[PDB]
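Descriptive analysis of the structure
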Amino acid sequence: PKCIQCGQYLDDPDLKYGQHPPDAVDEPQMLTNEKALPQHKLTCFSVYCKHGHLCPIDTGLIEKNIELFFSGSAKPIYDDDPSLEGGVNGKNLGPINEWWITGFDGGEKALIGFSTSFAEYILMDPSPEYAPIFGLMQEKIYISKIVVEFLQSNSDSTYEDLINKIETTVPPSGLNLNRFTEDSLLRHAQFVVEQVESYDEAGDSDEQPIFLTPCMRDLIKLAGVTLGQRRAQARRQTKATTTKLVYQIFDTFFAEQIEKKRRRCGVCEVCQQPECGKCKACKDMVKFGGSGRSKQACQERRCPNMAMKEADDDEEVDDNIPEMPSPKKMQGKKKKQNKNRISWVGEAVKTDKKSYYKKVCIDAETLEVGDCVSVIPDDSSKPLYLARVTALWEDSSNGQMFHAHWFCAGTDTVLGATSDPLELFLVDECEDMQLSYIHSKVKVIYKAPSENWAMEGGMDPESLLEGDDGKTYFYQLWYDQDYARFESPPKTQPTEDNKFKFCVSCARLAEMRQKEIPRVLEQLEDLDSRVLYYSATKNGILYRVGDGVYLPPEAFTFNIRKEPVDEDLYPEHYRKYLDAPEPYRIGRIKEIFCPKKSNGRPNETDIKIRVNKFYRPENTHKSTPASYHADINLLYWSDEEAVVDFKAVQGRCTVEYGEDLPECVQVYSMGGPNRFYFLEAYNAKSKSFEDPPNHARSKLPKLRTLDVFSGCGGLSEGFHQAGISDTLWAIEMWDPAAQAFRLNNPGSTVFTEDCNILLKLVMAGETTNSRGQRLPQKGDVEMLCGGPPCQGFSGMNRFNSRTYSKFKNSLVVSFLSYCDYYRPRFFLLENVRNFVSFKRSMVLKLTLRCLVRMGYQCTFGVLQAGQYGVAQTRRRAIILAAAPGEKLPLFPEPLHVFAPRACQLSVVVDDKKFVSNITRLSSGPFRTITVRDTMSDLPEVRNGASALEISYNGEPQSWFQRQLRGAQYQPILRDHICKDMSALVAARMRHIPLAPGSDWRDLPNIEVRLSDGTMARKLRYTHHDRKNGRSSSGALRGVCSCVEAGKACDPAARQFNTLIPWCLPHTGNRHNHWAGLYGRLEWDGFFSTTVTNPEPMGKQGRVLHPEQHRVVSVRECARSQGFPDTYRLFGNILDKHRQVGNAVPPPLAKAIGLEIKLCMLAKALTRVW
Ligand SMILES: Nc1ncnc2c1ncn2[C@@H]1O[C@H](CSCC[C@H](N)C(=O)O)[C@@H](O)[C@H]1O
Ligand SMILES: [Zn+2]
Ligand SMILES: [Zn+2]
Ligand SMILES: [Zn+2]
Ligand SMILES: [Zn+2]
Ligand SMILES: [Zn+2]
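The rules we used
- Residues numbered from 1 in each chain as written, not as in the entry; some residues may be left out.
- Chains lettered and ligands numbered in written order.
- Heavy atoms only, no water.
- Residues with missing side-chain atoms left out of burial classes, pairs and counts.
- Helix = DSSP H or I, 4+ residues; strand = E, 2+ residues; numbered from the N terminus.
- Domains from an automatic or database assignment.
- Contact = heavy atoms within 4.5 Å.
- Buried area = accessible area lost by both parts, 1.4 Å probe.
- Salt bridge = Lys/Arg side-chain N within 4 Å of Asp/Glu carboxyl O.
- Polar contact = N/O pair within 3.5 Å; in protein donor to acceptor, adjacent residues only side chain to side chain.
- Nonpolar A, V, L, I, M, F, W, Y, C, P; charged D, E, K, R; others polar.
- Donors = N, O, S within 2.8 Å, 3.2 Å for Na, K, Ca; no water.
- Tetrahedral: all angles 85-135°; square planar, octahedral: opposite > 155°, others 65-115°.
- Buried < 20%, exposed > 50% of the residue type's maximum accessible area, 1.4 Å probe, protein only.
- Pairing = 2+ DSSP bridges.
- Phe/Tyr/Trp six-rings, centres within 6.5 Å; stacked < 30°, edge-to-face > 60°.
- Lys NZ or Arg CZ within 6 Å of the ring centre and 35° of its normal.
- UniProt positions renumbered as here; feature names shortened; annotations may be inferred.
- 1 Å grid on protein atoms, 1.4 Å probe; cavity = no way out; pocket = protein on both sides within 12 Å on 5 of 7 lines; lining within 4 Å.
- Points joined across faces, edges and corners; volume = space filled by probe spheres on them.
- Patch = residues over 30% accessible without salt bridge, like charges linked within 9 Å, V, L, I, M, F, W, Y side chains within 5 Å.
- Areas by Shrake-Rupley, 256 points an atom, 1.4 Å probe, with all protein chains shown as cover.
- Expected span 1.5 Å × (residues − 1).
- Axes fitted to C-alpha atoms, helices over the stretch in contact; angles between N-to-C directions.

As recorded in the entry header, the structure was determined using X-ray crystallography to a resolution of 2.622 Å.

Here is the structure:
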């Protein structure tokens, strides 16, 4: 039941009609007014339709040609008194043609003007009847103005950034509101976005339009905003500091790579407008009257709907193709060449199949062992093959032979076309081949690092350019195509017996094949059916009888519909319609044996293991809840036994009876990896515990580290816990983060500056900044680490001219210059997972290329945070790099078991699948850290908690909490504070049930008094949705007119300040029913991502507390990041929330740091000959 004129509903919610004294209608402009078009003022005004409903003038009625009329008292134009005293009462004025904003007073009420066919009217004060309608329009205009000005200040701001801006914006006195809310924005989303759109349409360019800002795109999706229409209201109207080498790399890539589906919706008004003819695009058209070269669409015709989809495609990884099998050995046939004569030189160096090794041979050229040759493949896409002659011999069965150690072309590596076309890489591929297949002799230069490589940073590459090159092939690094690892060549030296035969590739492939074969070592005892053994080796690990052993969870087993829903009360409940594997089985080796075959000899092709089962607390009849308090390190002895294949073993661990230990369990557990302990045995049949049987008994200096983009220091904290690092310098432009870093690092020098500033000063010769802080110089920095934000270069679509310039001077380039200048021993670049996929993987490739050019060993990999002791699903791209003379670290094996869908660590670059050294595929020794492990001990607080220092009011309840609280006597609970969500949002949280899986779809449709004094009225369902149907009671489920086929959204169907957010059923069908929004965290679950600013309808996943009616606290977020409770944060609550969220979790950083410690130990304790 709506009006035929205005779209308003005749019955309800709060309609209103007009009231006149009454007096005259338009054309009586004679009383005082008579004295291009005339202009007057109009106070105590009211707008209405032909049926007399008070209508807003900003919902498109006028432009749909529905005649809106108005009344009020007219005044002389020079009058400033709004008081009626004073004026001539008019009626049925209009209909309204244009309406526009004449400006703002002070302030800041917008001053609107009308225009009839007769005169123009500048409005003053509205009639008491029309006051609320005019107040909303007043609210629309101001909010839209704030948004536009906000989006101009930053093109990267997210949805939660936008809300914060709105909430901190003081509403003008004209409106009797004392605060704006998220609801205020969603209320006027359509109008605001239209203003946002019209900002761009006026000012045409090539840069991204202001409405494609992330926060706007989410708003257009959350609220159901229709894009592409109207713009009438107007009345006219960070650059990288680089070294020469780094600059040259990205500059040359530009010059050599500069030049270059979806279509317009065709339905939006932008698409239905003719080509203007005033823009550069239309001026460059053959049809009157340009060249027609640009072929760009009309500047006033770019479809915003098409723009959104292109923005969506740009954020997508296209794609994670299933298989994508494993990279094949670079294989096929070669061309037998037709050389004239092949003769040996000198005579046989060695004699052995009667193989006679020679030293030199003639092909009209001369070849020695160590020379390099070219070989022609019979060719598919194949280029020339290059190899090093490692041996020359004449077989008495085969012909004249040589062994070829293959080089790999740079373009065939992960580097791709970014590689120097003449750079080669050593490779684990070699082959016996006949001399007849040699095409030619070839010169390959080994470009070793100079002996002062550590000091050549920043130098003009023209100075080191000498002499006369590059004209031929060269190499400097070994390459592993499975792991994309660039490493220094093996320094392995041949015996005097090996000299003219030695092949490093053959040697490495030999050691590889030996370790991968499970082999029995020492025999122990001989029995009739089997032979016992003392030891055995597998994957380079020595297993002896009595050792602890990892086994897959399937190695052995232990001895062990609601009532119906009131769909009127819960009208959105109908929209509600793999796990982490078990941690390793742990056993102690009782026997190593092989069955004897028919002949009586032991069969050592299958090695067996008799093992004593160990019970985790979860394996006990007590089941899962036993793990809640138990150490993650704890086991129970058992007298149960099992026989497994030695093939099944996954590694060796230490399982020690706790009492026998020479030290504390805490010290023991913290002493090294794979350390378990037990105190009691467990009897399954009696389901009880008892003392175990007595046959169950038995240095480096820290690296001086510079942390760029340090933040509050999550990454540095982890490295410090690893014992490998002392962060003496930190660079952080954002003051609160830098301040927090100082608090946790008293001995560090923190520069609250832009990273581009410092390096420029150091490269200028300065020793201190203006504040007098001693700058780090060459030799000081031993390790460089940093996690630069990706906002400058974070698209998946390929580079273009404009977008590359932004990357050309990005912080990645800045950070690489720090690495080039200081030349640290180790280098780590942390970033988001998609860093590896940005710009069709060009950001990664250019980063690796830059490191290789500098002479660094390097690799990359993706790590899941949850696999290292944290209740959170977040992946990170990690680029590792090591100086020449160092060992390139491996990526740490997962310590904790975790859901496999969150453990997709593989990487696709140019249709080449890349993988890290990680062998534990979602498997592991320790159980998953849950939300319960994370925060179950923290005392109850409320929405808007602000008490910075409180008491824990209890003892730690989990291993996780025990470790993070520390060993303090009476510790203070810091920053257990949370955001003061608005009245409406607070009421919504209170009505989200505690049952796991609960979200907004569980909200009741009821009237409740909000804490701001207002009433949240029930959501009214107004239309029938044939995609969802009616409820079982026969009620409508549609909420807008856009739910029917081909219908536009209906204004006045909009509802706000409701418990169930109107915008969620409005756009639910297009976005998986917004599953997760207003969702609670599960005790058994995890954080969906790094929370930086917790919003229920935000983009950071579920952020409601599992039980308490509030959003998660800063401490709780810090707990999810594995921060020690004693770690200090700085600033206001949002400053602290962002600090924690931006941080690399210390448990992850520590795991990485430990792999680095190994390399430090290797270089210090291992020497080569
Ligand atoms: N141009 C610039 N110079 C120095 N720091 C910058 C910068 N631009 C951004 N940053 C800072 O770099 C940080 C990246 S997030 C910090 C990383 C995280 N705290 C960790 O533990 O590793 C942000 O806090 C940001 O303030
Ligand atoms: Zn009407
Ligand atoms: Zn369109
Ligand atoms: Zn045009
Ligand atoms: Zn070989
Ligand atoms: Zn709609």
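1. With respect to the overall build of the chain
The helix and strand tally for the chain stands at 23 helices and 45 strands. For the chain, the spread of C-alpha atoms along the three principal axes comes to 125 × 85 × 65 Å.

2. What to know about the domain arrangement of the chain
Interfaces are often sized by the accessible area lost when the parts come together. The domains assigned to the chain are domain 1 (24-222), domain 2 (244-285 + 295-315), domain 3 (343-451 + 467-515), domain 4 (519-560 + 578-696) and domain 5 (703-930 + 1149-1165). Contacts between the two partners involve 16 residues from domain 4, matched on the other side by 16 residues from domain 5. Of the roughly 1,300 Å² buried where domain 4 meets domain 5, counting both sides, 65% is carbon and sulfur surface. When the area that domain 4 buries against domain 5 is broken down by residue, the three leading residues are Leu578, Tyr584 and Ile632, summing to 41%. Run the count over domain 4 and domain 5 and you get zero salt bridges. The interface formed by domain 4 and domain 5 includes three residue pairs in polar contact. A breakdown of the residues in the side of domain 4 that touches domain 5 according to their chemical character gives nine nonpolar, three polar and four charged.

3. Some words on the coordination of the zinc ion (ligand 6)
Coordination of the zinc ion (ligand 6) by the protein is provided by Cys1040 (SG), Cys1042 (SG), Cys1049 (SG) and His1066 (NE2), with metal-donor distances spanning 2.1 to 2.4 Å. Relative to the metal, the four donor atoms surrounding the zinc ion (ligand 6) lie at angles of 101 to 117°, and the coordination shape comes out tetrahedral. In primary-sequence terms, the residues that donate to the zinc ion (ligand 6) follow C-x1-C-x6-C-x16-H. In this pair, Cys1042 is assigned in the loop between β45 (1015-1016) and α20 (1063-1067) and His1066 in helix α20, connecting sequence segments 24 residues apart. Residue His1066 is classed as buried on the basis of its relative accessible area of 11%.

4. Description of the pairing of strand β13 (residues 372-375)
Across the two faces of β13 the burial is the same, with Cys372 and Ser374 and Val373 and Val375 all buried. By the bridge criterion, four bridges tie β13 to strand β14 (residues 385-394) in an arrangement that is antiparallel. In the strand pairing of β14, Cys372 is matched with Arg388. Where β13 and strand β17 (residues 438-442) come together, four bridges link them in antiparallel fashion. Paired with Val375 across the two strands is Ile438, which belongs to β17.

5. Concerning the packing of aromatic side chains
Here the structure, examined in full by the defined rule, presents 42 aromatic pairs. Here a set of aromatic residues connected by ring pairs shows up, and it is made of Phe250, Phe253, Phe254, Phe793, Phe799, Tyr804, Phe807, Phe835 and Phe838. The ring centre of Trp478 lies 4.8 Å from the NZ or CZ of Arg508, which sits over that ring. In this structure, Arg1037 is placed above the aromatic ring of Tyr574, and the distance from its NZ or CZ to the ring centre is 3.7 Å.

6. Quick word on the coordination of the zinc ion (ligand 2)
Protein coordination at the zinc ion (ligand 2) comes from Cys3 (SG), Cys6 (SG), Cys49 (SG) and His53 (ND1), with a distance range of 2.2 to 2.5 Å. Considering all four donor atoms around the zinc ion (ligand 2), angles at the metal cover 99 to 122° and the coordination shape is tetrahedral. We note that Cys49, like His53, is buried.

7. Brief notes about the UniProt feature "binding site: Zn(2+) 2" in the chain
Mapped onto this structure's residue numbering, the UniProt feature "binding site: Zn(2+) 2" falls at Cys276, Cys279, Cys282 and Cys298. Judged by maximum C-alpha separation, these annotated positions cover 23 residues in sequence but sit close together in space, the widest gap being only 7.3 Å. Mapping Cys282 onto the fold places it in helix α7 (residues 280-283). Once residues lying within four places of it in the same chain are set aside, the contact partners of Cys282 are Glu275, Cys276, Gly277, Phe288, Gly289 and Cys298. With respect to the helices, strands and loops of the structure, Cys298 is situated in the loop between α7 and α8 (304-315). Given the relative accessible area of 1%, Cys298 is considered buried. Apart from residues lying up to four places away in sequence, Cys298 is in contact with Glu275, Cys276, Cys279, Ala281 and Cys282.

8. Structural notes on the pattern of salt bridges
Applying the stated criterion to the full structure yields 62 salt bridges. Of the charged contacts, one joins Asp460 and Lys244 as a salt bridge, the two residues approaching to 3.9 Å between their closest N and O atoms. Sharing partners across several salt bridges, the network here consists of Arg530, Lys590, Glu591, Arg610 and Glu641.

9. Structural notes on the UniProt feature "binding site: Zn(2+)" in the chain
UniProt records the feature "binding site: Zn(2+)" for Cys3, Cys6, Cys49 and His53 in the present numbering. The residues contacting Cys3, other than those within four sequence positions of it, are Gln8, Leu10, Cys49, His51 and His53. Relative to the elements of secondary structure, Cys6 occurs in the segment before β1 (24-25). For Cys6, a relative accessible area of 2% corresponds to the buried category.

10. Looking at unusual backbone geometry
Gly86 follows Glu85 through a cis peptide bond whose omega is 0°. When you line up the elements, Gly86 lands in the loop between β3 (69-75) and β4 (88-93). Cis rather than trans, the peptide bond between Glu466 and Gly467 has omega equal to 5°. On the secondary structure map, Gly467 appears in the loop between β18 (444-446) and β19 (473-480). Located in the positive-phi region is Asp379, a residue other than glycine, with phi close to 85°. The phi dihedral of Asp975 is positive, around 55°, even though this residue is not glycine. Residue position: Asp975 is located in the loop between β43 (973-974) and α19 (983-990).

11. Overview of the environment of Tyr1021
Considering the arrangement of structural elements, one finds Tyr1021 in the loop between β45 and α20. Residues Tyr1021 and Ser946, 75 residues apart in the sequence, show an inter-C-alpha distance of 39 Å. With sequence-adjacent residues up to four places away left out, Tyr1021 is seen in contact with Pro571, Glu572, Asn1005, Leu1036, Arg1037, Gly1038 and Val1039. Within polar-contact distance, the side chain of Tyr1021 engages the side chain of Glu572 at 2.4 Å.

12. Some words on empty space enclosed by the protein
Of the voids in this model, the second largest cavity is the one considered here, and its volume is about 60 Å³. Contributing to the lining of the second largest cavity are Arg616, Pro617, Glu618, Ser627, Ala630, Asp631, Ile632, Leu634 and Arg927.

13. Focus: the environment of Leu186
By the element assignment, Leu186 lies in helix α3 (residues 182-187). Taking relative accessible area as the criterion, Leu186 reaches 13% and is therefore assigned buried. Taking the C-alpha atoms as reference points, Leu186 and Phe70, 116 residues apart in sequence, are found 28 Å from one another. If near-sequence neighbours (up to four positions away) are discounted, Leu186 is found in contact with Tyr159, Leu219, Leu222, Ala223, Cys1063 and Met1097.

14. A short note on a nonpolar patch on the surface
A grouping of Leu524, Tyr534 and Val545 is seen on the molecular surface, where their side chains present a nonpolar patch of about 250 Å² in accessible area. Position of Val545 among the secondary structure elements: in the loop between β25 (541-544) and β26 (548-551). Residue class for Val545 comes out partly exposed when judged on its relative accessible area of 31%.

15. Description of helix α4 (residues 189-202)
Here α4 spans 20 Å end to end across 14 residues, near enough to the 20 Å set by a 1.5 Å rise per residue. Of all the positions in α4, only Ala189, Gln190, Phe191, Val192, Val193, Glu194, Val196, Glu197 and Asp200 are classed as buried. Where the residues of α4 are buried, they touch α1 (131-153), α3, α5 (214-222) and α8.

16. As for the sheet that holds strand β2 (residues 39-48)
Strand order in the open sheet formed by seven strands is β1-β4-β3-β2-β7-β6-β5, and the pairing between neighbours is mixed. One side of each edge strand has no neighbouring strand; the edge strands of this open sheet are β1 and β5 (99-104). As paired elements, β3 and β4 share four bridges and run antiparallel to each other. Residue pairing across strands places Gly72 opposite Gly90, the latter belonging to β4. The sheet contacts of α1 involve β2, β5, β6 (110-115) and β7 (120-123), and relative to β6 the element is tilted by about 115°.

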